Structure formats: C-alpha cells, structure tokens
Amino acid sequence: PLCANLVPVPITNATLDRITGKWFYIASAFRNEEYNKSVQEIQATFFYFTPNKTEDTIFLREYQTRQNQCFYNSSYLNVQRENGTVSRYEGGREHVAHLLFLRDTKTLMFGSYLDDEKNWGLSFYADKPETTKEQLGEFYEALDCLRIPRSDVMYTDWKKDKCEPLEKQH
C-alpha cells in the first residue's frame, strides 16, 4: 500500500513523545507557489520541539539560515489532535500542516494543503542534517503519491548552515 502514509493520523501523547527533540529540515516540494517562494530562500534549518501535552501546544525553537545569516525564533505551535495537524499563525496568516510519518522512525514529514491537488506539498525532516538514500526514497515515494516530480524538490545544504554558533551561544 504505497500512499497509505499520506492519510491524516490523529496525534496522541505517544506521537508527541515521538517528535520531541532536535530535527533537521531536509527537503520539501509544493504545488502552492507562495510556499515555493518562501522556502526557496532557506539554506538550512534545525529546530527543537518541546510539546506541552496538557496544553496541546509545542514549543518551537527554530534556527534558520537564509542569505548566510542565522534567523532564530521561538514560538508555540498548536496541536489539533483529532485532525493530526499542527498550526502556527505567522506574519498575518494561520498555517496548518498534517503530521505524517514514514517507515523510518528517525524522520517525519509535514503535509501542507493536503486536501487540494492545486496546492499540496510535503516537507521532510530528519534527526541528522543529512539523510540516507533509504530515508530519501521514502520521501520521494510520498511525492510520487502526490504526483509531485522529484525534480521539484528544494533541498537544504548542511554546508551552508550559520546557526550552530548561536545555538551554542544559547
């Protein structure tokens, strides 16, 4: 069953435990042009999830590299458990994404606009800044499911990261 993992899955405390920690933004692709535009500029990103299960929020410490600068932000994501989504209002708009999983327990994906063939996309994250060819195939196989060509994928370059020195300064 190839595209079974693109179906929404409710978020439990176990799910929240699973995503607790440091993750690295690996790659994404979208049919939505706004997200293509903003995500293009991303050279690298790592981040921390610290869920508050009682509040259905996730504390986010984000370390983004664009134009060879480090942009650091903290904020809370809201969790909508039945729907398997997480959200965050930012720069005017509410953003929502489905939390989706691959077979590799060391990776995760966020799904944007999943209900819309004109706008859908997937972003891929791993617990290392570099991914194995196995992890990357599971991600491509999820793109294949959304009929998004592999050549549309935007990648981070862990060579380009400027945030390590701030995260340690923290």
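Don't overthink the numbering: it's just position in the shown sequence, from 1. Rigid core: the largest C-alpha set superposing within 1.5 Å between the two forms.
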Stretch departing more from the displayed form, 78-86 or 92-100, Cα RMS in 4 other deposited structures of this protein (core fit): 92-100
Using only the Cα atoms and their B-factors as the entry lists them, report which of 97-105 and 32-40 averages higher. 32-40
Determine, for stretches 110-118 and 50-58, which one has the higher mean CA B-factor as deposited. 50-58
Chain-relative C-alpha B factor for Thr45 (record values, thirds): the lowest
Record-listed C-alpha B factor of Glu130: chain third: highest
Third of the chain's Cα B-factor distribution that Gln64 belongs to, per the entry: middle
Test of reading the entry: by CA B factor among the chain's modelled residues, which third contains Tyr25? lowest
Lowest, middle or highest third of the chain for the C-alpha temperature factor of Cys145? middle
